[PDB]
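Presented below, as structure tokens, is a lone chain in the form deposited in one PDB entry.
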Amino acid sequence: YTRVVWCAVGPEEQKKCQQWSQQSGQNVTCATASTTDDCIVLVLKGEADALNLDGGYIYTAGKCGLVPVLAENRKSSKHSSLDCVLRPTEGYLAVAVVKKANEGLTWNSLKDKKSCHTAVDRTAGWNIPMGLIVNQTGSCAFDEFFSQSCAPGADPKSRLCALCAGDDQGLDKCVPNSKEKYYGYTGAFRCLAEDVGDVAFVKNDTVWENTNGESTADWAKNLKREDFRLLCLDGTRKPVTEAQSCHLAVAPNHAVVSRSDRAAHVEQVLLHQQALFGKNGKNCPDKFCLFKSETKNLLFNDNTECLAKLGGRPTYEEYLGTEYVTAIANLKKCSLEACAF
């Protein structure tokens, strides 16, 4: 009765989870909710066991008692002797991306421009840039900084949702799941690509993976890396090959979380499921690939090489790092340490 009930966020994740469930012979089954917060609630009620989360959502789950279990680990350079499951994670770079042709937009002229964010509460798309912005402006009024935005999860009538597009029928505008056209890393970068916004807060890998033919999706297939610049905190603009010297932060990798009392079982089941369906898996590309979903980053980021063991049985605070947790705490003061639910 180590069936693990995964929580899928929206219908496209639910469809992938259903295929995973079928292929796993119901070793894994699926609960679904409309939002990441709602999935965390199902886990707190014991109606789902686990899901994989961005760091800002790990902060929410962690305040309510849930614990990190395994982390996404993507390709690396050095440390290459180690098996992926054992290799330390390296964090990803949160960046602010603009079009080269939008000349003289820099970090210091962002006020009153249009912004694209992966979702409220997420690390690169929200906590890092809005925390930096609140700090730099000396003001908690971050909902009045950009003239319009798409920030999935904000009030859909507010200017923080004015750029969001909803689903193809145009329903579900601004919902924080993949139905919203501009949701997530891929959606916020598409929001910039399509010039709906002036700036997208995403990570370094997003720009690479959706330019120069790395994506064949209709909106991405013609994008050229050279037509984008990163915004540096010192006011300069750099090419996207320079993200090691022009990022807003290094983010902790997305990780699986669960109730502490289920962490051990969730871990062993996931280790076995990735041996089947993960990057070199017995049954991938054969039957099912757990870490593919045609660039849509459903359940896991498509660039995940494996889910890796954590060193030191970390608490969510240790996993996130004290400085990130403190930055989050500070930003949340704009809108005392109990579970949000």
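Shifts are known only where both forms have a C-alpha. We call the rigid core whatever largest set of C-alpha positions still superposes within 1.5 Å between the two forms. Residue indices: 1-based, along the sequence shown.
Quick note: we don't show the form deposited with a partner chain bound, though the next part is all about it.
- In the deposited complex, no residue of the candidate spot (93, 190 and 193) has a heavy atom lying within 4.5 Å of its partner chain.
- Using a 4.5 Å cutoff between non-hydrogen atoms, residue 292 does not count as a contact of its partner chain in the deposited complex.
- Shown alone here, residue 309 lies farther than 4.5 Å from its partner chain in the deposited complex, counting heavy atoms only.
- Although the partner is absent here, residue 276 lies well away from its partner chain in the deposited complex, with no heavy atom inside 4.5 Å.
- In the deposited complex, its partner chain sits beyond 4.5 Å of every heavy atom of residue 296.
- Of the residues 111, 221, 157, 79, just one CA atom moves 2 angstroms or more between the shown form and the other one under rigid-core superposition; it belongs to 79.
- In summary, the C-alpha positions of residue 311 and residue 79 diverge in the deposited complex, ending up at least 3 angstroms farther from each other than in this conformation.
- After fitting on the rigid core, only one stretch of 3+ residues whose CA atoms all move by 2 angstroms or more between the shown form and the other one is found, at 77-80.
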